[PDB]
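Chains as they are written, first to last, in full-length UniProt numbering: chain L, 691 to 707, 711 to 1136; chain Z, 691 to 706, 711 to 1134; chain R, 691 to 994, 997 to 1136.
Quick reminder that beta carbons are idealized off the backbone N, C-alpha and C, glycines included.
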Ligand SMILES: *[C@@H]1O[C@H](CO[C@H]2O[C@@H](C)[C@@H](O)[C@@H](O)[C@@H]2O)[C@@H](O)[C@H](O)[C@H]1NC(C)=O
Ligand SMILES: *[C@@H]1O[C@H](CO[C@H]2O[C@@H](C)[C@@H](O)[C@@H](O)[C@@H]2O)[C@@H](O)[C@H](O)[C@H]1NC(C)=O
Ligand SMILES: CCC(=O)OC[C@@H](COP(=O)(O)OCC[N+](C)(C)C)OC(=O)CC
Ligand SMILES: CCC(=O)OC[C@@H](COP(=O)(O)OCC[N+](C)(C)C)OC(=O)CC
Ligand SMILES: *[C@@H]1O[C@H](CO)[C@@H](O)[C@H](O)[C@H]1NC(C)=O
Ligand SMILES: *[C@@H]1O[C@H](CO)[C@@H](O)[C@H](O)[C@H]1NC(C)=O
Ligand SMILES: *[C@@H]1O[C@H](CO)[C@@H](O)[C@H](O)[C@H]1NC(C)=O
Ligand SMILES: *[C@@H]1O[C@H](CO)[C@@H](O)[C@H](O)[C@H]1NC(C)=O
Ligand SMILES: *[C@@H]1O[C@H](CO)[C@@H](O)[C@H](O)[C@H]1NC(C)=O
Ligand SMILES: *[C@@H]1O[C@H](CO)[C@@H](O)[C@H](O)[C@H]1NC(C)=O
């Protein structure tokens, strides 16, 4: 039992059209995941007692997605062919006037594709030193196309709506147990009265913008940066498509930021390169579950989308109404014993460090702990028995040694969170790909 | 009537010693249109007094921060190629050319206060390129920018979101007044006081955003963080401090580096830009736009933007009644709800609009949820039949989703079904510019 | 006294485990935090005995502590280079050698430079040939370039984001003694006192708004806010386009530092060469956002370390009070205050905003609340017995501000005119050009 009640009152409710019903009313807080109000009720005018438990099972924010695109890993492949001045297409203005969608006759053997591709021409040296009788600039013709490095894609998306669901477990007067789902300003009729989410203060808060990646059949990941609305070089989605299949085939309908392919002309040699963000590196770094500002992001039931779970404290008021019954008393909290187990993770990182505790109690409650200056907060569930419970904290030193005071009933006792965390070196998701061209013999 | 009451108590208050006994009711705002019906009993006397409190709207006002003007810019250039050892084309000059130096090739060009730059690109020499001298020739270029359209756009961020909760209060005699309350504010009435005692209204979510004003044509949202300095490939890569400066493409405007591209072709030359079209950005996000159940729209008078909570509202009101306490409260009445239509897109920021036919016998709130609770609908119910709409976000083209609804708490099914359109991946970059005017 | 009472009743609490049956009867009071300086004055009466005692509860501060995530060091860097042009067929200037040059290949032209652990790169640019460029052969000459970076100033800056914002509500509680104690509450927390317990039963405090931001630490010189999202990797045109894992690595421009592609521009001029950078000046960024800074009524300041967000006006939290064997008898009434507009200093259309100051005359401790006509501007400031000045940040969009406020501490509002002149802040570019002409090496 948890101490959850904030207020208790009697209310008369009349049906205007004219019957009147008298109800006892209790304003309780959800408190935290696992918290449970134990209520014994007394009849208002009659001498009867009833029993009722209301338990906070979970607090979830469902991500309703907005804009979405597919991306992946890409790499360039080059065809090259240099002609002397006055040979082939290498006359006067042609090379310098070349268009990205004009294919040189040097590459006629190439059939038409539906692939992301471009064409270039670079003036090179002339004269004997470059195998030409003519001294004017020779023409290095280049045809390039993109290919998927691996035959799998990633779907990147933003979250526009975070829809709250507060799941409650209610043990009614008859002892029957039901699950009640409540949204914002929602009220549910029960056989003993009603229960309503009368004030909801749950929501995504903080100073960071973020988005998510779906890896088909391999889960989700968080991107700790704002969603990129258009293709931009140096950003995730600098190459993007409208389908999973178009990423795999590097289809021409994909969008890409300007100038993503580099060229290094070397007379008869030529390197075509890219320096793209590796989205799979991004995915592995932010692989769910991830916790940010006490919100745990993970895949929903059936891997349909992402959700933010509260695993500890919950900020929601619940108004209970009991027909013809009012509060006699509430169940008292019981103490719990907590022992530090381990601390694992990194410091100065978004993911943070995982602290695990062993919790022993004789009833369902909530462990609440804090460091001295109150900069750190631990909130974990307790029950009749002994379970390990973990959560994420964020530190900024390698050698952590911080004392906490904890309790489930208000009688605080010391607990030392001690461990070694690792550093994460500054990183760069860009990876060079590509290389020398395939040299075509002159025709 | 709505069941909004959370707590009821009898509180005595003492000044300094005069003491006043007031009935005290803690009610939830609930949602827009929700109305608390309170019959009071004389604490001292033997009178019954009726009182109604209705939530009319809940607005967050955007107090703006940094702001700039921008537009749709385009390049126009002059070019002139000279042979080596001719004119300025000597030794080091072309490779050493500075952006702010106008070539003597364009000595006929007057003074300017427009954004401009200058380049010199070496080109082929020798007989094949019309020069006796075999050394590299010099293609000089003078480029300035201009505004395509004769209109500009002001981009800005929002630093403060200031809450206003507007209440409609019905006195004992049936007199109706309107009260506005901000955070932690109270207001005296002729029957006591109403105060916003706990406010959980605010802008929450996983996205940062900004806004654009189009003078006399309304506002738009920008579903991306405000760009603090000029950056290539972002809105405001070119920006000015005024509207008039955008139209003249004045030299005081800022530019990110290297926004103008050059393609020298011996005697031909193209100067091009590939800039974000802010007008396209504007049209995509033109208000009203709804994000995380916040409806963003122009404030009345068309003076800045506001966020309206058109459905659910999270705020506690504390009511005090002088010498009166709560006798009873009006019961909620049930309503009938039927699906009307569903219009919009899927996997898009704007979302889709759902409309319901709602019939009831009194003022109240309709609440709905799909099976897994990932979708939520909150809409006002009234006596009679009225249409009500709200924005939802989906990720499939064919929607078929059963909702359970109630106004009184007794749930009934309802089917939201319709077809949503796709929005293809887009790029706001638009190519502009072209060939130069060739001198001589 | 403040009017903070929201509910009041008796609650009986009992052990239900079957061991020790101890039922305690408590009075219970649900109060709003209201704002900084808000103080509930509670006269309690005995529940089992004929006794009275006075109790006060005052909201002292509401702090959100930044638990940092990813972090990096940066600074202002500058390019320095050596250049040496060789004619075609001379030295390394053969076939396609110049066009094939790799960033990490030092030219033989610069064999004299010692071992280096500094950020550096090498280039080769083809230049003119023939007798006009001092060469016998007409194929392109080779301008070889070796470039290294250096830090201008001997300072560095640490840029970081905030992942967690841990709330702490501090209260001053005056017992029946007159004795005052300070208590700290986190979310859904309870603290026992000698008269019962106080618990933060509903917490509506948090970082809200439409902007993402991060922070900069200047070692021994405070912090700053950056009104833009943290950049996770080096990107040209952004803070952190060059970043390091330590302060000293910034100062030495160490090779372990990361940088975005092509941050060094080159201007080949036959035997002259300019190597330049146009990097974001992080010290300019720091100065613009120097703490304290107020955003959406949140005052960001140093912890005194790390950064915190203070709610100095309104505070949105409910507190649940339990009194052992005591219940609420009555509460102290709020008092009127009179406000006088002092001054208004700052800028318009800017993230920093403008600071308004009032002089608030009252007869007791409370809270002043005000609003302009359309309710787009809100003012919440602490009130005290006497005449005292108080200030807060507002945000405007005009150089000449004219706003009429209706203020109150009890509920009956009176007019108040706010009038001032705010400066404009022109659009800015944090980029600064650096570097210049190469040191020209003589051939060997
Ligand atoms: C609490 O559970 C008691 C039995 O649970 C036992 O389970 C074991 C796994 C181990 O944890 C033992 O220490 C436990 O005692 C049961 O006998 C009690 O009745 C329960 N207590 C309450 C208050 O329900
Ligand atoms: C409540 O509604 C009653 C019925 O509404 C009428 O108006 C029509 C528009 C349509 O809804 C029909 O059902 C009805 O003829 C009306 O008679 C009552 O006066 C209304 N009462 C109040 C208090 O609004
Ligand atoms: C028949 C004479 C001859 O063979 O000399 C060369 C040709 C032009 O050569 P090309 O462009 O056909 O192929 C060059 C091979 N490569 C790429 C290895 C350099 O004639 C000229 O010198 C220019 C007219
Ligand atoms: C008298 C020397 C002469 O006139 O011919 C020049 C030399 C090559 O010159 P270099 O590369 O050794 O140095 C010149 C210094 N510079 C480029 C900075 C001006 O010979 C050739 O052209 C090919 C053998
Ligand atoms: C290339 O694009 C241009 C338009 O920019 C078009 O006119 C031309 O036909 C295209 N060429 C080919 C081969 O598709
Ligand atoms: C830490 O403790 C938890 C809880 O039992 C356990 O699951 C986990 O494996 C432990 N990790 C390490 C590294 O010991
Ligand atoms: C252009 O900029 C240079 C900077 O070196 C300056 O000396 C010069 O006065 C400016 N104006 C002109 C017309 O060159
Ligand atoms: C959907 O129904 C609403 C309410 O009647 C109406 O205003 C709107 O025009 C309808 N939409 C379409 C596309 O018919
Ligand atoms: C330069 O870097 C390449 C990889 O890009 C490496 O293979 C090569 O060994 C490096 N050369 C030197 C001299 O460090
Ligand atoms: C404005 O008044 C405050 C209150 O005393 C004072 O601290 C500040 O210096 C004043 N500033 C100006 C510019 O008058």
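Going by CA-CA distance only, name the one from the options that's closest to residue i.
{"i": "residue 960 of chain L", "options": "L:698, L:774, L:694", "result": "L:774"}
{"i": "residue 750 of chain L", "options": "L:805, L:1087, L:929, L:725", "result": "L:725"}
{"i": "residue 936 of chain L", "options": "L:760, L:691, L:801, L:705", "result": "L:760"}
{"i": "residue 1054 of chain R", "options": "R:976, R:1082, R:980, R:869", "result": "R:1082"}
{"i": "residue 754 of chain Z", "options": "Z:909, Z:1003, Z:1118", "result": "Z:1003"}
Would you grab the beta carbon distance between residue i and residue j for me? Rounded to a whole angstrom, and I think it's under 8 angstroms.
{"i": "residue 776 of chain Z", "j": "residue 831 of chain Z", "result": "6 angstroms"}
{"i": "residue 1065 of chain Z", "j": "residue 1096 of chain Z", "result": "7 angstroms"}
{"i": "residue 1127 of chain R", "j": "residue 967 of chain R", "result": "6 angstroms"}
{"i": "residue 1024 of chain Z", "j": "residue 704 of chain Z", "result": "32 angstroms between Cβ atoms; not a contact."}
{"i": "residue 1020 of chain R", "j": "residue 732 of chain R", "result": "6 angstroms"}
Output the distance between the C-alpha atoms of residue i and residue j, rounded to the nearest integer angstrom.
{"i": "residue 702 of chain R", "j": "residue 849 of chain L", "result": "53 angstroms"}
{"i": "residue 762 of chain L", "j": "residue 894 of chain R", "result": "35 angstroms"}
{"i": "residue 1148 of chain Z", "j": "residue 1050 of chain L", "result": "Residue numbering for chain Z in the displayed model covers 691 to 1134; residue 1148 of chain Z lies beyond these limits and cannot be assessed."}
{"i": "residue 825 of chain L", "j": "residue 1130 of chain Z", "result": "33 angstroms"}
{"i": "residue 730 of chain Z", "j": "residue 695 of chain Z", "result": "8 angstroms"}
{"i": "residue 926 of chain L", "j": "residue 953 of chain L", "result": "7 angstroms"}
{"i": "residue 940 of chain Z", "j": "residue 962 of chain Z", "result": "29 angstroms"}
{"i": "residue 708 of chain Z", "j": "residue 844 of chain L", "result": "A break in chain Z separates 706 from 711, and the residue in question, residue 708 of chain Z, sits inside that break with no coordinates."}
{"i": "residue 1028 of chain R", "j": "residue 1073 of chain L", "result": "45 angstroms"}
{"i": "residue 974 of chain Z", "j": "residue 722 of chain Z", "result": "42 angstroms"}
{"i": "residue 912 of chain R", "j": "residue 756 of chain R", "result": "15 angstroms"}
{"i": "residue 891 of chain L", "j": "residue 910 of chain L", "result": "39 angstroms"}
Is the beta carbon of residue i sitting closer than 9 angstroms to the one on residue j?
{"i": "residue 1063 of chain Z", "j": "residue 876 of chain L", "result": "yes"}
{"i": "residue 764 of chain R", "j": "residue 919 of chain R", "result": "no"}
{"i": "residue 1135 of chain R", "j": "residue 799 of chain R", "result": "yes"}
{"i": "residue 986 of chain R", "j": "residue 851 of chain Z", "result": "no"}
{"i": "residue 1101 of chain Z", "j": "residue 1038 of chain Z", "result": "no"}
{"i": "residue 931 of chain R", "j": "residue 970 of chain R", "result": "yes"}
{"i": "residue 1013 of chain L", "j": "residue 870 of chain L", "result": "no"}
{"i": "residue 914 of chain R", "j": "residue 977 of chain R", "result": "yes"}
Is residue i near ligand 8, going by C-beta to nearest heavy atom under 8 angstroms?
{"i": "residue 1079 of chain Z", "result": "no"}
{"i": "residue 731 of chain L", "result": "no"}
With a threshold of 8 angstroms (Cβ to nearest heavy atom), would residue i be considered close to ligand 7?
{"i": "residue 968 of chain R", "result": "no"}
{"i": "residue 794 of chain Z", "result": "yes"}
Nearer than 8 angstroms: is that true of the beta carbon of residue i relative to any heavy atom of ligand 5?
{"i": "residue 925 of chain L", "result": "no"}
For residue i, verify whether its CB is less than 8 angstroms away from any heavy atom of ligand 6.
{"i": "residue 1035 of chain L", "result": "yes"}
For ligand 1, any of its heavy atoms closer than 8 angstroms to the Cβ of residue i?
{"i": "residue 1055 of chain L", "result": "yes"}
Which chain B residues are close to residue i, counting only those with a beta carbon under 8 angstroms from its beta carbon?
{"i": "residue 820 of chain L", "result": "This model lacks chain B altogether; the protein chains it does include are L, Z and R."}
State yes or no: is the C-beta of residue i nearer than 8 angstroms to some heavy atom of ligand 4?
{"i": "residue 825 of chain R", "result": "yes"}
With respect to 8 angstroms, is the separation between the Cβ of residue i and the closest non-hydrogen atom of ligand 10 below this value?
{"i": "residue 995 of chain R", "result": "The gap in chain R between 994 and 997 takes in residue 995 of chain R, so it carries no coordinates here."}
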